[PDB]
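Shown next, in structure tokens, is the structure this report addresses.
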Amino acid sequence: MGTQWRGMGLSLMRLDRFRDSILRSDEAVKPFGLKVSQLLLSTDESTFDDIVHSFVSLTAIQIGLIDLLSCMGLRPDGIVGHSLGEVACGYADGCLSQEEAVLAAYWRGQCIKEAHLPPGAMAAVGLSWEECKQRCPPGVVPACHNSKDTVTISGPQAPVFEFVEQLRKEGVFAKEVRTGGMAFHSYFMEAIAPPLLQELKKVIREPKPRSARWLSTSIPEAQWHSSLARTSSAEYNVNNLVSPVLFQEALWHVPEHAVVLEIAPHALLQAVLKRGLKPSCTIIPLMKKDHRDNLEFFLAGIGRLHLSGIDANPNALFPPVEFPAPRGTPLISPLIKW
């Protein structure tokens, strides 16, 4: 979360595949009365202010991007999700269905609102994971282990603000992240677990095993053989919501020279990936916040991908060209140089 911005995805909606995927997601979530397309074309900035709308739109956009990438034939060798979007990771891995993932995200959002818990805020802290975790005041714990340098914590706004100001007193980098006014990955969510799991079981009926490529970021590596990690069951998603995000831990398994694509409406985690990844790795945003033409940025990302040695054919994105070609098409043989 935290990447949604007003007007996101409109540029890419011009593509046939993306619009079709968005329509399918909207149909999937149709019964509840929410239209992802309506949200995307929505003009009010507050449209993404709603947690439900933000979650649904983010999941839909991630699924659409995955569909576009699969259209060209790209087959990921690894998969890593960070807090929300784990469900999108599941859909990419094949263990989940588009309708299943969309419904899961929507139900997560809905149950989140129905909790009506006290306000919760997260602030990014320049302090490392170990020092912050021990230094955390009561009611504040390590929220997400983004990287060695940067760790985020979640808790009641009062102690969170007090510790943020105290840390800023030392000069350590501090910054509050837009949490929608509510905490995550903390004891707070623990209350919401029962109803959320009930809804997911109502939604998830045939859990499928997690693939080898997918690396759970909510299940510590020592437990990756556990019952939870085996299948992307509703319980796994609930734990994903409640448990701390061990994003940094999984990064160490990224092989050298790997090409890392950031499947997201906004390339938020680019800096974290650069800091916490092997220098040989390469990063490609695939989408920029409030960019003039997100389609151009996506095409540039695909081009950079092609420059990286991976094979991707842009023709799949657009409608097929009828053949044979019209007479007068320029000769190609003269253009070849040896």
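Chain A is numbered as in Swiss-Prot; the shown residues are, in order, 499-836.
Recorded method for this deposit: electron microscopy, 3.2 Å.
Keep in mind that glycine also has a Cβ here, set from the backbone N, Cα and C atoms.
Copied over from Swiss-Prot, here are the features:
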- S581: active site, for malonyltransferase activity (ACT_SITE)
- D647, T648, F671, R773: acyl-CoA binding site (BINDING)
- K528: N6-acetyllysine (MOD_RES)
- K673: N6-acetyllysine (MOD_RES)
- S725: phosphoserine (MOD_RES)
Around the acyl-CoA site recorded as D647, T648, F671, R773, what other same-chain residues have a C-beta within 8 angstroms of the site's C-beta center?
-> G624, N644, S645, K646, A769, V770
Distance [Cα-Cα, Å, rounded] between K673 (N6-acetyllysine) and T648 (acyl-CoA binding site) = 11
From the Cα of the residue listed as 'active site, for malonyltransferase activity' across to the Cα of the residue listed as 'phosphoserine', what is the distance in angstrom?
-> 20
Near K528 (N6-acetyllysine), how many other Cβ atoms are within 10 Å of its Cβ?
-> 11
Say you check the Cα of the residue listed as 'active site, for malonyltransferase activity' against those of the recorded positions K528, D647, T648, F671, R773; which is nearest?
-> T648
Cβ atoms near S581 (active site, for malonyltransferase activity) (within 10 Å, other residues, all chains) | 20
Just report the maximum Cα pair distance in Å for the recorded acyl-CoA binders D647, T648, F671, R773, no decimals.
-> 15
Counting across all protein chains, other CB atoms within 10 angstroms of the CB of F671 (acyl-CoA binding site) number 12
